[PDB]
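As structure tokens, the structure follows; a few thoughts come after it.
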Amino acid sequence: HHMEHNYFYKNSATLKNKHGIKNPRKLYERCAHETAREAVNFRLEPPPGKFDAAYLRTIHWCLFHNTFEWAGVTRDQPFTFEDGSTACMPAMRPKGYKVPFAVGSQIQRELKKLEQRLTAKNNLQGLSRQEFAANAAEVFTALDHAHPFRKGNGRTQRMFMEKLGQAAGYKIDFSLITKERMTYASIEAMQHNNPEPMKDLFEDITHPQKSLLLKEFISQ
Ligand SMILES: [Br-]
Ligand SMILES: [Cl-]
């Protein structure tokens with residue numbers, strides 16, 4: 001427990017970061033700006049053969065390394081800052097209460113089980129738009145629950161979905177959807193055992209690209 005605090009500046013609830021910012025809202029704004037810039041290039045990268053914990057670490061590093069020393073490192077892992085201090089957070093405990101996200105080494109076991117399900121399904125390549133959306137919703141819910149990093153989980157997870165989609169010929173567009181909707185769908189699937197909303201959300205954000213790109217390509 002005592003190591004949790006070493007993610008933050010002394011006497012503050014602000015995450016240590018490479019910009020030196022000590023206001024948590026301003027940190028958020030700068031972090032949003034830096035990761036948006038990095039996501040533009042990461043979208044053009046070729047996809048790996050496995051969608052696993054190493055790939056998630058790769059995404060997290062690529063998106064957050066300008067902001068966080070521990071970019072690419074999961075929160076179950078002791079991390080030592082340049083300042084000498086060592087941080088980790090095996091359990092999310094807001095206000096001292098347990099919330100139902102993966103704890104400790106459960107993070108790695110959940111990500112493993114997710115790679116194994118995806119690998120066995122050829123990473124969802126060769127499926128209809130609807131069937132892809134229905135599986136992709138389940139993947140998204142698995143990642144919600146894993147919450148592998150200290151911070152940056154949402155953007156990391158969305159990017160993982162974009163790349164899985166892209167490798168299957170689909171644009172996954174989270175800009176189509178409101179925050180309130182994503183929260184509703186996440187809680188339904190995680191707390192109320194109700195997959196339908198996340199399924200309907202993925203049907204709304206999964207758009208076939210193969211044919212459009214081929215048209216564009218030939219016109220050019
Ligand atoms: Br982003
Ligand atoms: Cl400090």
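In the structure tokens, the first chain shown is A, the next is B, and so on; residue numbers restart at 1 for each chain, and ligands run from 1 in the order shown.
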Note to self: Taking only C-alpha atoms and all ligand atoms into account, list the residues no farther than 12 Å from ligand 2, as a list in words.
What the structure shows: residues 5, 6, 7, 8, 9, 10, 11, 12, 13, 14, 15, 16, 17, 20, 21, 22, 81, 82, 83, 84, 85, 86 and 87 of chain A
Could you please take those selected residues and save C-alpha atoms as a compact mmCIF listing (two decimals), in the first residue's frame?
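Saved as out31.txt:
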```
# COMPACT_ATOMS: atom_id res chain seq x y z
CA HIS A 5 1.81 7.11 -3.10
CA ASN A 6 5.09 7.15 -5.04
CA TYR A 7 3.14 7.64 -8.28
CA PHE A 8 2.22 11.15 -7.02
CA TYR A 9 4.05 14.35 -6.16
CA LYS A 10 4.58 14.86 -2.41
CA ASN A 11 1.36 16.05 -0.67
CA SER A 12 -0.54 15.97 -3.94
CA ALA A 13 -3.03 13.89 -5.82
CA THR A 14 -1.21 14.67 -9.08
CA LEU A 15 0.71 11.93 -11.00
CA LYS A 16 4.40 12.49 -11.44
CA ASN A 17 4.99 13.32 -15.07
CA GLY A 20 6.45 18.83 -14.34
CA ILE A 21 2.78 19.81 -14.20
CA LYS A 22 1.25 19.79 -10.66
CA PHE A 81 11.46 6.43 -10.90
CA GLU A 82 14.59 8.47 -11.74
CA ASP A 83 13.92 10.11 -8.35
CA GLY A 84 14.73 6.77 -6.59
CA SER A 85 11.26 5.98 -5.33
CA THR A 86 9.39 2.78 -6.26
CA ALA A 87 5.67 2.73 -7.13
```
Please tabulate, as CSV, the residues of chain A that come within 7 Å of ligand 1, each with its closest pair of atoms and the distance in Å to one decimal, counting only C-alpha atoms and all ligand atoms and ordering rows by chain, then residue number upward.
```
residue,atom,partner,partner_atom_place_in_ligand_line,distance
A:32,CA,ligand 1,1 (Br),6.8
A:35,CA,ligand 1,1 (Br),4.9
A:36,CA,ligand 1,1 (Br),4.1
A:39,CA,ligand 1,1 (Br),5.4
A:155,CA,ligand 1,1 (Br),5.2
```
Item checked: Test item: residues at most 8 Å from residue 185 of chain A, only C-alpha atoms, excluding those fewer than 4 positions along its chain, as a ChimeraX atom specification -> /A:181,189,195,197-198,201
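The spacing separating atom CA of residue 203 of chain A from atom CA of residue 150 of chain A amounts to 29.5 Å.
Ranking A:127, A:214, A:187, A:3 by their shortest atom-to-atom distance to residue 91 of chain A, with only C-alpha atoms included, puts A:3 first.
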Next item on the list: Using only C-alpha atoms, find the one residue out of A:4, A:131, A:162, A:138 that sits nearest to residue 44 of chain A.
Entry: A:162
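For the pair atom CA of residue 61 of chain A and atom CA of residue 77 of chain A, the interatomic distance is 14.7 Å.
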Next item on the list: Could you find all residues in segment 54-174 of chain A that DSSP calls helix (DSSP H, G or I) from the backbone, and write them as number ranges by chain?
Entry: A: 54-64, 94-96, 106-120, 122-124, 129-146, 153-167, 174
Next item on the list: Would you please extract all strand (DSSP E) residues from chain A, as assigned by DSSP on the backbone, and give them as a PyMOL selection string?
Entry: chain A and resi 79-80+86-87+170-172+206-208
Notebook entry, point to check: Got a sec: who's within 12 Å of residue 40 of chain A, counting only C-alpha atoms, leaving out chain neighbours fewer than 6 positions off, as a ChimeraX atom specification?
Noted result: /A:33-34,62-63,159,162
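Straight-line separation from atom CA of residue 43 of chain A to atom CA of residue 218 of chain A: 21.4 Å.
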Within 12 Å of residue 169 of chain A, counting only C-alpha atoms, which residues qualify if same-chain residues fewer than 2 places away don't, as a CSV table (one decimal) with N, CA, C and O atoms, in the first residue's frame?
```csv
chain,number,residue,atom,x,y,z
A,47,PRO,N,0.1,-4.4,-37.8
A,47,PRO,CA,-0.4,-5.1,-36.7
A,47,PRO,C,0.5,-6.3,-36.3
A,47,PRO,O,1.0,-7.0,-37.1
A,123,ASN,N,-7.8,-13.8,-34.5
A,123,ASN,CA,-8.0,-12.5,-34.2
A,123,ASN,C,-9.2,-11.8,-34.8
A,123,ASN,O,-9.2,-10.6,-35.1
A,124,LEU,N,-10.3,-12.6,-34.9
A,124,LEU,CA,-11.6,-12.1,-35.5
A,124,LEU,C,-11.5,-11.7,-37.0
A,124,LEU,O,-12.5,-11.1,-37.5
A,125,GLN,N,-10.4,-12.1,-37.7
A,125,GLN,CA,-10.3,-11.9,-39.2
A,125,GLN,C,-11.2,-12.9,-39.9
A,125,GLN,O,-11.4,-14.0,-39.4
A,126,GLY,N,-11.9,-12.5,-40.9
A,126,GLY,CA,-12.8,-13.3,-41.7
A,126,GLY,C,-14.3,-13.4,-41.2
A,126,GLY,O,-15.0,-14.3,-41.5
A,127,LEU,N,-14.7,-12.5,-40.3
A,127,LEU,CA,-16.0,-12.6,-39.8
A,127,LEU,C,-16.8,-11.4,-40.3
A,127,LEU,O,-16.2,-10.4,-40.7
A,128,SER,N,-18.1,-11.5,-40.4
A,128,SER,CA,-19.0,-10.5,-40.8
A,128,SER,C,-18.9,-9.3,-39.8
A,128,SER,O,-18.3,-9.3,-38.8
A,129,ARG,N,-19.4,-8.2,-40.3
A,129,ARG,CA,-19.4,-6.9,-39.5
A,129,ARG,C,-20.0,-7.2,-38.2
A,129,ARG,O,-19.4,-6.9,-37.1
A,132,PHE,N,-18.1,-9.6,-35.9
A,132,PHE,CA,-16.9,-8.9,-35.4
A,132,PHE,C,-17.3,-8.0,-34.2
A,132,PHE,O,-16.6,-8.0,-33.2
A,162,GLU,N,-8.9,-0.4,-32.1
A,162,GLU,CA,-8.7,0.1,-33.5
A,162,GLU,C,-7.8,-0.8,-34.3
A,162,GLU,O,-8.1,-1.0,-35.5
A,163,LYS,N,-6.8,-1.3,-33.7
A,163,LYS,CA,-5.8,-2.1,-34.4
A,163,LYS,C,-6.3,-3.5,-34.8
A,163,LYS,O,-6.0,-4.1,-35.8
A,164,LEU,N,-7.0,-4.1,-33.8
A,164,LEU,CA,-7.7,-5.4,-34.0
A,164,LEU,C,-8.7,-5.2,-35.1
A,164,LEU,O,-8.7,-6.0,-36.1
A,165,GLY,N,-9.5,-4.2,-35.1
A,165,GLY,CA,-10.4,-3.9,-36.2
A,165,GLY,C,-9.7,-3.8,-37.5
A,165,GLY,O,-10.1,-4.4,-38.5
A,166,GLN,N,-8.7,-2.9,-37.5
A,166,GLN,CA,-8.0,-2.5,-38.7
A,166,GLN,C,-7.4,-3.8,-39.4
A,166,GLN,O,-7.5,-3.9,-40.7
A,167,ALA,N,-6.8,-4.6,-38.6
A,167,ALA,CA,-6.3,-5.9,-39.1
A,167,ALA,C,-7.4,-6.8,-39.7
A,167,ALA,O,-7.0,-7.7,-40.5
A,171,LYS,N,-12.9,0.0,-39.6
A,171,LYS,CA,-12.6,1.2,-38.9
A,171,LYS,C,-13.4,1.1,-37.6
A,171,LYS,O,-14.7,1.1,-37.7
A,172,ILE,N,-12.8,1.2,-36.4
A,172,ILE,CA,-13.5,1.3,-35.1
A,172,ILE,C,-13.4,2.8,-34.7
A,172,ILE,O,-12.3,3.3,-34.5
A,206,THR,N,-18.3,0.0,-35.6
A,206,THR,CA,-17.6,-0.8,-36.5
A,206,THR,C,-18.0,-0.7,-38.0
A,206,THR,O,-19.1,-1.1,-38.3
A,207,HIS,N,-17.2,-0.1,-38.8
A,207,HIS,CA,-17.5,0.3,-40.2
A,207,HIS,C,-16.5,-0.4,-41.2
A,207,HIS,O,-15.3,-0.3,-41.0
A,208,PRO,N,-17.0,-1.1,-42.2
A,208,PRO,CA,-16.3,-1.9,-43.2
A,208,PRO,C,-15.4,-0.8,-43.9
A,208,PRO,O,-15.9,0.3,-44.2
A,209,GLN,N,-14.1,-1.1,-44.1
A,209,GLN,CA,-13.2,-0.2,-44.9
A,209,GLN,C,-12.7,-0.8,-46.2
A,209,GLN,O,-12.3,0.0,-47.0
A,210,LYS,N,-12.7,-2.1,-46.3
A,210,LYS,CA,-11.9,-2.8,-47.3
A,210,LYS,C,-12.1,-2.2,-48.7
A,210,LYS,O,-11.2,-1.7,-49.4
A,211,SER,N,-13.4,-2.2,-49.0
A,211,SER,CA,-13.9,-1.8,-50.3
A,211,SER,C,-13.7,-0.3,-50.5
A,211,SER,O,-13.3,0.1,-51.6
A,212,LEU,N,-13.9,0.6,-49.5
A,212,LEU,CA,-13.7,2.0,-49.6
A,212,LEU,C,-12.2,2.3,-49.9
A,212,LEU,O,-11.9,3.1,-50.8
A,213,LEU,N,-11.3,1.7,-49.2
A,213,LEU,CA,-9.8,1.9,-49.4
A,213,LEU,C,-9.4,1.4,-50.8
A,213,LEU,O,-8.6,2.1,-51.4
A,214,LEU,N,-10.0,0.3,-51.3
A,214,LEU,CA,-9.7,-0.2,-52.6
A,214,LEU,C,-10.1,0.8,-53.6
A,214,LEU,O,-9.4,1.1,-54.6
```
